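Considered here are two forms of the same protein chain, supplied as structure tokens in two stand-alone entries, structure 1 and structure 2.
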Structure 1
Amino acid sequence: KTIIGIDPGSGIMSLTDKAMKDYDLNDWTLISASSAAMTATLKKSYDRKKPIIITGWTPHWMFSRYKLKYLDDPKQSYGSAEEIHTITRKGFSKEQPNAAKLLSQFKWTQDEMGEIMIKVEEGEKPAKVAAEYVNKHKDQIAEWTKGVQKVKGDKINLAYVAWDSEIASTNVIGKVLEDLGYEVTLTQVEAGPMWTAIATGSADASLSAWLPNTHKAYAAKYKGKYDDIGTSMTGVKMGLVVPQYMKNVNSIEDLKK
């Protein structure tokens, strides 16, 4: 009688706590873990056809190794109008008007990322796989960078949080940036310190926002002290996730009878 979650100070983790309250869920416990073990434990269960509840989110590669389902949400505790976003520190757009114009035209979809995630979960390395995707889809890139002139190794900081999804986007722009002379270092932090780094300026840009709810708390915590320039994805879902052979359990409120 437990749930399996991801990082302690993560956006979705602070929305499972209120969902456990909203739905009344209290002989239950949320296991604060890491992405690495979350899906490790999911393989342990799914392949042994065991009951399991995970803090799931879309886009993710797990919805492709296994058949999985979200639990309906009447008391929308997680929220449902979600989008991933590109945010930079204050005064960025004008220091380097070139890069902030690359960032700002970055749009892409849920399966087009997953392409890179599934390979990264194959056990490939994030740059090599990115270098392949820049060659395949090669007229999305040309738009990602319409009017972006190759630079002479000005440096750009890409602080991210290492959720699967954000090792497929941070590195693909990552590379698309690199591809143009920019020097890249690529700073792995917790959600929390991530926002801080941006708002105080220890990083330049941050392709790692789930808003205007998941990461809500920090957004208000640091108001007029950052730049929201772009909308990477629209229509992203998240919540409690069980594997598809628990047909007797189709909602949060049933999770409990």
Structure 2
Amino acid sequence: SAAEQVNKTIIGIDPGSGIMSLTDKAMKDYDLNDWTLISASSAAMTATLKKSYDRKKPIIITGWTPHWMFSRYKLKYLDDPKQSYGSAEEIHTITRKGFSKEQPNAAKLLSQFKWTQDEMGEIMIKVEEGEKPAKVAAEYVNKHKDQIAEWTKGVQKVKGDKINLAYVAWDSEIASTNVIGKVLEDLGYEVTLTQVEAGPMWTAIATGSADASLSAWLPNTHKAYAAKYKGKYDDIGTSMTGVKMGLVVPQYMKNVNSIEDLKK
């Protein structure tokens, strides 16, 4: 059984994260209160995944779709019939209150930013290969010529205007923040990227100390953070849809398909 196979253990990421709260709810929804959820981090969990995959050792992680892990590995979602992880998750483009009128040109670009999951992986994979994000961003924009035209449609050039982009250091958001960062730099902007945790990121935006962020995962991941700063930020675009999250096992675990299978 799945309980037999993993010793009632889920390998997760960092404790302060959205997927970890959501998992807490999951374990509670499916009556898994004798299970152990290991907190770790992205780096640590993906390493533990690597060990177990190679050995064909059964493992249950907390996975999220917009990530290179589904590329480097044959993985799968355990079905969530109780939808503990919510649904219709999206990546959003947020700014500080009154950025759109302070800088109409920069907001135009930010609101027009869209791309797909594998287009983001185009970047994420090269970065995990050890390529420098700023180089991969440049390579990307000088490759996907038509996509940038979409984004920069009716967008003027500026004389060294300053812009502060706040990002949370998940691999997905290193992808997006750099690509957009580069687009702005090609446009003649003085671009700063400020790294922060989620929370400090939301605060920075809500208190004007950062201009924009491409790290808002709504509505499920940052339910609380979005609520907390309800009338104090701008949501000016969706940069991606169909992002999924939950319990992920490798495909070799044929007999484990639902979270329900853990009750056995």
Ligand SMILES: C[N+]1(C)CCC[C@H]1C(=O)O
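Here the rigid core means the biggest group of C-alpha atoms that line up within 1.5 Å when the two forms are laid on top of each other. Counting starts at 1 with the first residue of structure 1 and goes up one by one along its sequence.
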If only one of the two is the form deposited without this ligand, which is it?
1
Once the two forms are overlaid on the core, the CA atom of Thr41 shifts between the two structures, in angstrom, by 1.4
Can you give the CA shift of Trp57 between the two structures, in Å, with the two forms fit on their core?
0.8
So, with the core fitted, how far does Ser32 move at its Cα between the two structures, in angstrom?
2.3
